Amino acid sequence: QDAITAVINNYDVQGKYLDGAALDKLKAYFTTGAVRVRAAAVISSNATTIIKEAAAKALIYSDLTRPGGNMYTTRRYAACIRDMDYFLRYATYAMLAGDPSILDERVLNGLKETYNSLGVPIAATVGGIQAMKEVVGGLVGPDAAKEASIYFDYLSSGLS
Amino acid sequence: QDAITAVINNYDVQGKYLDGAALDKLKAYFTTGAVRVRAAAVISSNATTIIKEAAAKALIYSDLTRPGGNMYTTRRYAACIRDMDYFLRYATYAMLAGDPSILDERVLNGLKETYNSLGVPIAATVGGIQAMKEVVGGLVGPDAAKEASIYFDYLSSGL
Amino acid sequence: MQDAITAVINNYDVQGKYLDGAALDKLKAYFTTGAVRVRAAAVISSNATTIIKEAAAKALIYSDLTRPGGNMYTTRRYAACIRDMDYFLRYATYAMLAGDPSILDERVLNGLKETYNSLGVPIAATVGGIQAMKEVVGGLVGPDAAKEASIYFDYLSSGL
Amino acid sequence: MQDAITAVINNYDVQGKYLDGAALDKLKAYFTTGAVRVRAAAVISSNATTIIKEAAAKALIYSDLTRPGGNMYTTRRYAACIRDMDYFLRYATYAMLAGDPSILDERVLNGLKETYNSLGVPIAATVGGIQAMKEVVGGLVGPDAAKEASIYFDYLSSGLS
Amino acid sequence: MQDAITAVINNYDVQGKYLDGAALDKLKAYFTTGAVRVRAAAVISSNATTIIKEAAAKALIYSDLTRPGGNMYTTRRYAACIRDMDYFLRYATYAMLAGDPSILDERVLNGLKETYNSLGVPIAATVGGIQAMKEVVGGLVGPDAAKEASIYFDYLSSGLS
Amino acid sequence: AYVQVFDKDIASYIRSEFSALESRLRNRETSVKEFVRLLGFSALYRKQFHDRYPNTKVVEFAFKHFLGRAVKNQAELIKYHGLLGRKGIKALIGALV
Amino acid sequence: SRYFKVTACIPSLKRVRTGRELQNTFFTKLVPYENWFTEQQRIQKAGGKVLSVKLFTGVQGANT
Amino acid sequence: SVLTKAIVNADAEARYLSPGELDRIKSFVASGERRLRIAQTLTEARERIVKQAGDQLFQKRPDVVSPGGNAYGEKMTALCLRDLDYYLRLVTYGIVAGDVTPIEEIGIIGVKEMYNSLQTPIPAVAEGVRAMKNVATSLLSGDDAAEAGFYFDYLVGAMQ
Amino acid sequence: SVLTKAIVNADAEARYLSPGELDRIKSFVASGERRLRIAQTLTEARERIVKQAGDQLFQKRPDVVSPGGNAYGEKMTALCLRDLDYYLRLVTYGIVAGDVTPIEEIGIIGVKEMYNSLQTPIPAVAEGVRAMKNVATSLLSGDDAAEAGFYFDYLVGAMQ
Amino acid sequence: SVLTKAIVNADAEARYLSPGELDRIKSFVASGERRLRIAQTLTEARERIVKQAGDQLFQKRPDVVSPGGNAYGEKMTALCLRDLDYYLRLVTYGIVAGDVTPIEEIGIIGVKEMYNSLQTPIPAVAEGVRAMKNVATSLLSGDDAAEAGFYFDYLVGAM
Amino acid sequence: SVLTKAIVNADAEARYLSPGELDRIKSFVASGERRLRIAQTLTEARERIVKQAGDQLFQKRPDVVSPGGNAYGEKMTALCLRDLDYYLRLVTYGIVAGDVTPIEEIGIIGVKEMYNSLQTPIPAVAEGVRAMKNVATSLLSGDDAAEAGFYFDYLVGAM
Ligand SMILES: *[C@H](C)[C@H]1/C(=C/c2[nH]c(/C=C3N=C(/C=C4\NC(=O)C(CC)=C4C)C(C)=C\3CCC(=O)O)c(CCC(=O)O)c2C)NC(=O)[C@@H]1C
Ligand SMILES: *[C@H](C)[C@H]1/C(=C/c2[nH]c(/C=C3N=C(/C=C4\NC(=O)C(CC)=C4C)C(C)=C\3CCC(=O)O)c(CCC(=O)O)c2C)NC(=O)[C@@H]1C
Ligand SMILES: *[C@H](C)[C@H]1/C(=C/c2[nH]c(/C=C3N=C(/C=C4\NC(=O)C(CC)=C4C)C(C)=C\3CCC(=O)O)c(CCC(=O)O)c2C)NC(=O)[C@@H]1C
Ligand SMILES: *[C@H](C)[C@H]1/C(=C/c2[nH]c(/C=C3N=C(/C=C4\NC(=O)C(CC)=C4C)C(C)=C\3CCC(=O)O)c(CCC(=O)O)c2C)NC(=O)[C@@H]1C
Ligand SMILES: *[C@H](C)[C@H]1/C(=C/c2[nH]c(/C=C3N=C(/C=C4\NC(=O)C(CC)=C4C)C(C)=C\3CCC(=O)O)c(CCC(=O)O)c2C)NC(=O)[C@@H]1C
Ligand SMILES: *[C@H](C)[C@H]1/C(=C/c2[nH]c(/C=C3N=C(/C=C4\NC(=O)C(CC)=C4C)C(C)=C\3CCC(=O)O)c(CCC(=O)O)c2C)NC(=O)[C@@H]1C
Ligand SMILES: *[C@H](C)[C@H]1/C(=C/c2[nH]c(/C=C3N=C(/C=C4\NC(=O)C(CC)=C4C)C(C)=C\3CCC(=O)O)c(CCC(=O)O)c2C)NC(=O)[C@@H]1C
Ligand SMILES: *[C@H](C)[C@H]1/C(=C/c2[nH]c(/C=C3N=C(/C=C4\NC(=O)C(CC)=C4C)C(C)=C\3CCC(=O)O)c(CCC(=O)O)c2C)NC(=O)[C@@H]1C
Ligand SMILES: *[C@H](C)[C@H]1/C(=C/c2[nH]c(/C=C3N=C(/C=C4\NC(=O)C(CC)=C4C)C(C)=C\3CCC(=O)O)c(CCC(=O)O)c2C)NC(=O)[C@@H]1C
Ligand SMILES: *[C@H](C)[C@H]1/C(=C/c2[nH]c(/C=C3N=C(/C=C4\NC(=O)C(CC)=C4C)C(C)=C\3CCC(=O)O)c(CCC(=O)O)c2C)NC(=O)[C@@H]1C
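Conventions and cut-offs
- Residues numbered from 1 in each chain as written, not as in the entry; some residues may be left out.
- Chains lettered and ligands numbered in written order.
- Part of a larger assembly, values for the part shown.
- Heavy atoms only, no water.
- Contact = heavy atoms within 4.5 Å.
- Buried area = accessible area lost by both parts, 1.4 Å probe.
- Salt bridge = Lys/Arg side-chain N within 4 Å of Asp/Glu carboxyl O.
- Polar contact = N/O pair within 3.5 Å; in protein donor to acceptor, adjacent residues only side chain to side chain.
- Nonpolar A, V, L, I, M, F, W, Y, C, P; charged D, E, K, R; others polar.
- Helix = DSSP H or I, 4+ residues; strand = E, 2+ residues; numbered from the N terminus.
- Buried < 20%, exposed > 50% of the residue type's maximum accessible area, 1.4 Å probe, protein only.
- Near = heavy atom within 4 Å.
- Pairing = 2+ DSSP bridges.
- Axes fitted to C-alpha atoms, helices over the stretch in contact; angles between N-to-C directions.
- Parallel < 35°, antiparallel > 145°, perpendicular 65-115°, else oblique.
- Left-handed = near helix turned anticlockwise from the far one by under 90°.
- Areas by Shrake-Rupley, 256 points an atom, 1.4 Å probe, with all protein chains shown as cover.
- Core = buried A, V, L, I, M, F, W, Y, C linked by side-chain atoms within 4.5 Å.

This deposited entry lists cryo-EM as its structure determination method and 2.85 Å as its resolution.

Student: Help me out: how do you make sense of the interface of chain G and chain C in this one?
Tutor: Accessible area lost during the coming together of the parts is what is often quoted as the interface size. Counting residues at the interface gives 5 residues for chain G, matched by 7 residues for chain C. When chain G packs against chain C, the two sides together hide about 590 Å² of surface, and 41% of this comes from carbon and sulfur. Run the count over chain G and chain C and you get 0 salt bridges. Where chain G packs against chain C, one counts 2 residue pairs in polar contact. Residue classes in the side of chain G that touches chain C are distributed as 1 nonpolar, 4 polar and no charged.

Student: Hey, could you run me through the side chain of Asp144 of chain I in this one?
Tutor: All names here are of chain I. Its location among the elements puts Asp144 in helix 8 (residues 142–158). With relative accessibility at 5%, the residue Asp144 sits in the buried group. Once residues within four sequence positions are removed from consideration, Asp144 is found in contact with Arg34, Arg37 and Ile38.

Student: Please explain the site of ligand 4 as it appears in this structure.
Tutor: Lining the immediate surroundings of ligand 4 are 25 residues, of which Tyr62 and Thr66 of chain D together with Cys80, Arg82 and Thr120 of chain J lie closest. Looking at what sits near ligand 4, you find residues from chains D and J. Contact distances for ligand 4 include 2.5 Å between an oxygen atom and a side-chain N or O atom of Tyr62 of chain D. Backbone polar atom of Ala71 of chain J to an oxygen atom of ligand 4: 3.4 Å apart, as the coordinates give it. Looking at the shell around ligand 4, the elements with two or more residues in it are helix 4 (74–97) and helix 6 (111–118) of chain J.

Student: Would you mind going over the arrangement of the chains with me for this structure?
Tutor: Where chain E comes nearest to chain G, the C-alpha atoms are still 44 Å apart, and the two do not contact one another. Without any contact between them, chain E and chain K keep their closest C-alpha atoms 33 Å apart.

Student: What exactly am I supposed to notice about the interface of chain K and chain C here?
Tutor: Contact residues are listed per partner, giving 30 residues for chain K and 36 residues for chain C. Each partner contributes to the roughly 2900 Å² buried at the junction of chain K and chain C, and carbon and sulfur atoms together form 72% of this total. Broken down residue by residue, the surface that chain K buries against chain C is led by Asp11, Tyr16 and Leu36 of chain K, which jointly contribute 25%. Linking chain K with chain C are 3 salt bridges. Between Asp11 of chain K and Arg90 of chain C there is a salt bridge, and its shortest N-O distance comes to 3.5 Å. The interface formed by chain K and chain C holds 12 residue pairs in polar contact in total.

Student: In this structure, what is going on with the environment of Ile106 of chain H? I would like to understand it.
Tutor: With respect to the element layout, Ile106 of chain H can be found in helix 5 (residues 101–108). By relative accessible area, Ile106 of chain H is classed as buried at 8%. With near-sequence residues (within four places) excluded, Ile106 of chain H lies in contact with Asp12 of chain B, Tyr73, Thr74 and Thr75 of chain C together with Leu90 and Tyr93 of chain H.

Student: I would appreciate a short explanation of the pairing of strand 1 (residues 3–9) of chain G in the present structure.
Tutor: On any regular strand, side chains alternate: one points to one face of the sheet, the next to the other face. All names here are of chain G. Most of strand 1 is tucked away: 6 of the 7 residues are buried. Note: strand 1 against strand 2 (residues 26–32), 7 bridges, orientation antiparallel. Bridge pairing in strand 2 links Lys5 to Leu30. The pairing of strand 1 with strand 3 (residues 49–57) spans 7 bridges and is classified as antiparallel. Residue pairing for strand 3: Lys5 is matched across the bridge by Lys54.

Student: Hey, could you run me through unusual backbone geometry in this one?
Tutor: One non-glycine residue with positive phi stands out, namely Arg28 of chain F, at about 75°. Note on placement: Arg28 of chain F falls in the loop between helix 3 (19–27) and helix 4 (32–40). Here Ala14 of chain I, not a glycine, exhibits a phi torsion of approximately 60°, which is positive. Relative to the elements of secondary structure, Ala14 of chain I occurs in the loop between helix 1 (2–13) and helix 2 (19–44). Among the residues examined, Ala14 of chain I registers a relative accessible area of 42% and is labelled partly exposed.

Student: Help me understand the packing of helix 3 (residues 47–59) of chain A against helix 4 (residues 74–97) of chain A in this model?
Tutor: Angle between the axes and distance between the axes: these two values describe a pair of packed helices. Residues and elements named next belong to chain A. Close contact between helix 3 and helix 4 brings their axes to 10 Å; oriented N to C, the two are set at 120°. Accordingly, the angle class assigned to the pair helix 3 and helix 4 is oblique. Note that helix 3 runs across helix 4; the crossing there is right-handed. Where helix 3 approaches helix 4, its residues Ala47, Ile50, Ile51, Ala54, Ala55 and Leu59 are matched on the opposing element by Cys80, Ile81, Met84, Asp85 and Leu88. Residues belonging to the contact of helix 3 with helix 4 are distributed by class as follows: 10 nonpolar, no polar and 1 charged.

Student: Is there a simple way to think about the site of ligand 8 in this case?
Tutor: Neighbouring residues of ligand 8: 25 residues in total, closest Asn70, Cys80, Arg82 and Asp83 of chain B together with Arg20 of chain G. Those residues lying near ligand 8 are distributed over chains B and G. The contact in question runs from an oxygen atom of ligand 8 to an N or O atom on the side chain of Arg75 of chain B, over 3.2 Å. Contacts to ligand 8 include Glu21 of chain G, whose side-chain N or O atom sits 3.0 Å from an oxygen atom. Contact with the protein chains covers 96% of the free accessible surface of ligand 8, which is 880 Å². Every element with two or more residues in the shell around ligand 8 is listed here: helix 4 (74–97), helix 6 (111–118) and helix 7 (122–140) of chain B together with helix 1 (22–25) of chain G. Of the residues forming the shell around ligand 8, the biggest block, 10 residues, is contributed by helix 4 of chain B. Here the residues of the shell around ligand 8 are counted per class, giving 15 nonpolar, 4 polar and 6 charged.

Student: Explain the nonpolar core here, please?
Tutor: Ranked by internal contacts, the top residues of the largest apolar core, which has 347 residues, are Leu88 of chain A, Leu88 of chain B, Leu89 of chain C, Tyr87 of chain H, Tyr87 of chain I together with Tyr87 of chain K. Formed by 84 residues, the second largest nonpolar core is a distinct cluster that contains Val136 and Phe153 of chain D together with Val129 and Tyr154 of chain J.

Student: Which parts of the structure should I look at to understand the pattern of salt bridges?
Tutor: When their charged atoms lie close together, side chains carrying opposite charge are able to pair. Applying the stated criterion across every chain, the model contains 85 salt bridges over all chains. With a shortest N-O distance of 2.9 Å, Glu13 of chain I and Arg15 of chain I are connected by a salt bridge. In this structure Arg15 of chain I comes out as partly exposed when scored by relative accessible area, which is 33%. Among the ionic pairs, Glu21 of chain K bridges to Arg24 of chain K, the shortest N-O distance being 4.0 Å. Linking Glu21 of chain K with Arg24 of chain K, this pair stays in helix 2 (residues 19–44), spanning 3 residues, or about one helical turn. Its relative accessible area of 10% is what places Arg24 of chain K among the buried residues.

Written as structure tokens, this is what we have:
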């Protein structure tokens, strides 16, 4: 869900009517909004490249890609880059939303268990996410980067 | 299953043909049957009220109904009263049947686990069931009440 | 599933090694056994109904199980037990052709113990039935085939 | 579909009329026949396999149909034909309990001719089989039930024709 | 309609090519077959009435079709069926002389299925009759001619079915 | 389920081809959806719908059997008929469910 | 072929249901590997929470 | 028993029991005492019914008690009679229950499969049940016989 | 809110947010500040709105506050007013969200069932909401009132 | 036939024929000429195979040709032999096809249902096919016999 | 492998292996020894096959080894050759298996996606495999070459 809805939900459980302090948080979000929209468009256009660069930084030229590595074989390689795409798409969604919840509901839920059964290495995945963050940071520019970074970090912490 | 079938099943595992002693148990059930049918009709007619009264006794005017409570919001409130109805309907079925098995097969199985995932409070639910029992006892009358009570208690113990 | 040939291939693939003479020898061993296995499989398929009948006669029937209060009492339960027997036979035949026990693990063996325990089916009696089938099968297939057939039957028994 | 009771109701409802004595009489007639019909249905269900066997023996088997180049040649086709026979029997039993021919029209009769023509199944032979089943059924059910049973069998036959 | 000679010509004309040896050989092949075909055609014309009679005897008559409730029951329907049989025979003879199946498509085959379906004439029985005519024709024409005659009969049968 | 997925007529012929599937359902280890998937991924389905029909008619039947409907619009026809080319029938069935 | 054993709970947020529907709320199921990905997403989109995932059949990190 | 049937229909509809349904339950409980007497009669005559039916069956089918036939030999003949006894016991259970369901679960589901493994002919089994019906009918009073007949007929229908 | 809706559509399509979708998000964030002010106004006037609406409702429906009626008595009258307050709080939440969804989840699903158990008349509740709307409209400026009206109307529609 | 089976699998996968599939086709076309001869041999010996197998079956199962039994009587015995002849014809078709599919469509689908209506015992039919196999094997050369055996075994398995 | 494929089809049908299926298994086991030799030959010549094919590919496609092209540079050229080596190893595995399935799992599923991320041109990769086939064919005897060709063709088809 969304920053706006998160505030509303917190008030609803209290049963409190919306108050100025709450309104201020909502107001803060509204100013940030315009920046976020610009960042999202940048990410969508450069998504393929972002993934490519991040893979180059961490995943490829590594033991993983070499035989006996998790990402060895075309099927596994393709799976890993598909996962990378999802992380990027969901992070973009989270950045627009201004809320980490969507990551929990969509990406984070059931991931750890799936990975453990598969034997996918979590630390390497986290490394890939961090690499994507760095690439994204460049493209989005500094103001947007701070906002983008928190969601990437949230994903990384969840997986770990 | 049913009292009649329960007797049959006990004989079948033994492999024994039906005997007079067995017949007597069945006969006992048949006498009780007429009372049970009358009780069931009473419950069906007063079902909405029974639920209302029981809710008034336990569920409403409580933290649950207040914001931050499990039964807060219309959707949750409606769910809770739906559950109450289920318990009532199944207890009525069990009373006619003369057997607690149906409760185990439908209502009791997996309920605890479902409730824990949902975060529904079991003790409060049990409280509601007990309240329904008390209301039901009045309407059905004393002879019927004893029979009705055992099934309500069975549900409560399971939960 | 996996077979003998594929098992060798997969072991080499994880190493990244090209196929070597030692590997080839294992494959060659399988190829010689193959012809015998095919003949055995055809024998089993034709005599499957009888094999089950004989095995049941040896262990399952004329027993407490079939008598009232026994697990295989009632037509429904009797039918279930003979259906299970057929499964074991079909899968063992598949395994014998394959030259690998894996298919048994993937289909038959996984979760069977737990299922049986919940059902209250007696494992030891089932194992007895499997062993009986093995003995009957051994006769029909003939000695060379019997050794190969026996290992898969024993594998099922050990799993259960 | 409809049954006799509902058929009377529906006819009255379109008229908007309350149920009247004439209508009541039809309903009353049905109620008396009902007990007989239930007994007949149970007889048919128990003897269904035999009924089909006897009827096939009377018409379908030992014939060109079963011989190579015949419609019922090959196991697959033979099995199909006896499956169709069973359908007719089951539906006729349903109709007899209902006291209404409508179910036959809604399920069996609708599109059957067209299906058969595409398949190349011979209608006259099928009709023959239905008539044979009727005769066998008549015996088992007994005379009072037979008259009731016969009309539904005849209805199927007329539809297919 | 089209014939073999014209078919070759037309293929060349669309290409714009002058006639070539390969084309000439196809034409030459036809010319050798021609004499046989002419003899066959004369045989068929003389025995046409009998051919139809024999074929009807083999398939159509002494059957359910001719019996009441059958498609060929009543004099009018019987006469129609034998008229159709004659058509098929005449056109097949034309096709055999021509050496091309096209005339069958242009006159007989086009719209026949739809006509028959509206009429309720049974296609499979008609096909059976055509096959019967083929067998009778085969005898009269003799073996060399029979092969040529058979293909056109088969073409008709395939079209109808 | 047999009657929905195959038609009524074909479902009659079924004796026990799927007996193993039935047991897993009876056991409550598979869902009904999964059971329907596997009926779809079956030689019998393929033999009775796929094999004697052009790929468009195959998409019809799949819609009828797994959703209970015809194809609503040309965009939907494109998406599913597309996937039926360039992949199995097993892909089509899997996409609907 | 690899199979996944999945236990997931899905709440009925859109409408209260008169039918008991215990099975729909709480389900343990066997999923083909290929199907699971899509299924996982669908559970997430529904708002159901997947408590447990295990690989019922096959070997993890197997090339064939 | 009947009451179970009524409850099950109600549960499917998710409704409390209809008045009409309740009335049928009332009628059944009244009928039960009469039904018990009918069952008692057959139980007392059980030994003779089985014996007479067996003889009739063997006369009707010489083959079953022939060297080829399943029933042939003392052990086998005893088992055939035991089966007839089982079916009679089931019929008595049915009469008291007022439904075929008790009969059906114990005897009619998987019956085909069980007998096919045994290789016993199903039609012969049906004849035996028919024979038992005739003997039972004679001992029973006419109205009692009709009630008993229904259950007997069901069995014959099931094994067919 | 609008943003949540946009994200959800994108996730279903498994695609990054479309430019058009992004534009709608931009418009919403700009509108939000105006929306916050409208909500703030109603919050401040909340106590009076509820009081005035209550009085109007009781005048419109004498019956509800009568010995027969549900609302009758101090405890009951308080609860009726509490309900009106709840609905007003929900409306404010809606205005800030820009969507009825927040309102809908908390108040409109199962509302019929809840009130039927309580035996509260649904039409009377609707009248109370209508009454609140009229009071709220007067305090709001015309354009603000129109925005607020939509949310109020939805509630009235929902409780029908 | 082999080829039909391969094509059908490919079409389901929506792919061109796999190399492995192609190889099997190549093997089949080479085998075909030998297969034709095997089929021809059985066709010539058909009359004797059926006769010998019939006698063996009747010895193995006295009951079938007994007053109770289905086969009993001249008409019935002829029909039983006709059935054996049918199955032999199907087996020859199978050998040339290299696959049981041709056999399967004509003979093995609905076979249980057909025979159950007739009341013919399925196991006895299987024995007859087994008997035919033994006769056929003797006339065939060993390698030829093995090929023929597979088709015979399939039939026995099917019923 | 051939055997795996046959078993899988049977299991789906829930039936014992068909005679035709069994026959194909028999043919495969006979072929296997020859297949092993074919695989051995290619393994020994592997280093040269890759080298020769690489050169041919680069001549056929100057662009790939050009500053714009993916293959350009020593590191990249090595990786391109490594890929060719991988595919050759897969082909050998295929020949012994008698089926493309082993090849398919390791190399052909997700191949498009992997190369698209890398930005390697798929047609050039196909040309490299074609080149390898030609080199391999020359070293192999004609019949051996045909068998090897099928697997090589599959790879080319897959990409
Ligand atoms: C040569 C014909 C073409 C070519 C090759 C090329 N490949 C890469 C990089 C990689 N190639 C692979 C391939 C595989 N990994 C596997 O597991 C399998 C299946 C067995 C294959 C075939 C991989 C994984 C990589 C990534 C790097 C790594 O292995 O760590 C490159 C370099 C591109 C880059 O930026 O890394 C190149 C150039 N290039 C062409 O254009 C030729 C036509
Ligand atoms: C890549 C950075 C790392 C990696 C990934 C990897 N994942 C799989 C397989 C799966 N991964 C998932 C994960 C998800 N499914 C979801 O629904 C979501 C949320 C959108 C995620 C993130 C799943 C379900 C699978 C199984 C099936 C599938 O393909 O989806 C593999 C393949 C492992 C295998 O044994 O097949 C791999 C390689 N592993 C690495 O090497 C990287 C560090
Ligand atoms: C016979 C040797 C013994 C026996 C068998 C028996 N099994 C069940 C029930 C089940 N058996 C299975 C097993 C399988 N299902 C599969 O799909 C496969 C793999 C192909 C197997 C092996 C399962 C899942 C069940 C549950 C549902 C079902 O009917 O299959 C029973 C029934 C028990 C009951 O209480 O209903 C029985 C009797 N039991 C014996 O008495 C023998 C020792
Ligand atoms: C002989 C081994 C056993 C036996 C045979 C038997 N069969 C019949 C009657 C029929 N058999 C068939 C079977 C087929 N028709 C087909 O098209 C095919 C596939 C090509 C088969 C196998 C049919 C159709 C009939 C019905 C008669 C007819 O053809 O019109 C009988 C006669 C019994 C009866 O009720 O008709 C018999 C005796 N039965 C045995 O007992 C032998 C062991
Ligand atoms: C038997 C007396 C005749 C006969 C029958 C025969 N029928 C088919 C095939 C089909 N029959 C039906 C009919 C129905 N399906 C329905 O839903 C209903 C109404 C409830 C009917 C009556 C259908 C639809 C089929 C086609 C699909 C299927 O087979 O299940 C065949 C097979 C024909 C073929 O070419 O496959 C046969 C042989 N055959 C005769 O000649 C008898 C006179
Ligand atoms: C008797 C006075 C003369 C005679 C009769 C004769 N008729 C036939 C055969 C047929 N005649 C008919 C006639 C009808 N079919 C109809 O639909 C109607 C109107 C209702 C009629 C009058 C038919 C159709 C036949 C064909 C037989 C069949 O049903 O398939 C014969 C037999 C000749 C033959 O080859 O069939 C005979 C002998 N013959 C004379 O010479 C008498 C003067
Ligand atoms: C005889 C084998 C079958 C048969 C035939 C039949 N046909 C009709 C009626 C018509 N037949 C035709 C057909 C043609 N007209 C054409 O132009 C061509 C192509 C050269 C054909 C073959 C037409 C148009 C008619 C209708 C008008 C007319 O009668 O001239 C009937 C009469 C149908 C009726 O109901 O009146 C019949 C009986 N029917 C059989 O039983 C045989 C299978
Ligand atoms: C009321 C006394 C208490 C209460 C109830 C409550 N239940 C739910 C949700 C569910 N309850 C069930 C239970 C059943 N389903 C069945 O089939 C049966 C047996 C027939 C039962 C008893 C289920 C499955 C659900 C899920 C939703 C559904 O519609 O199925 C809720 C909602 C909780 C949520 O957030 O979803 C509530 C509130 N809780 C209380 O606070 C009361 C003490
Ligand atoms: C007699 C009418 C026919 C006949 C009987 C026969 N039965 C067996 C063997 C068994 N019969 C059963 C049957 C049942 N088990 C149950 O639970 C029920 C329902 C309550 C029944 C009816 C069983 C289990 C067996 C197996 C042996 C055992 O007692 O454990 C045989 C022996 C054949 C064999 O192979 O065991 C026979 C002969 N057969 C005929 O020929 C008569 C027509
Ligand atoms: C006033 C317009 C009408 C009225 C109201 C009335 N309500 C109750 C009792 C309750 N009302 C609610 C309503 C809600 N709880 C929620 O969580 C929500 C959604 C946010 C709503 C709207 C509830 C649950 C109760 C129970 C008590 C409690 O919650 O503590 C009463 C008292 C009746 C009773 O038996 O409790 C009354 C009078 N009655 C009218 O007739 C007016 C038209």
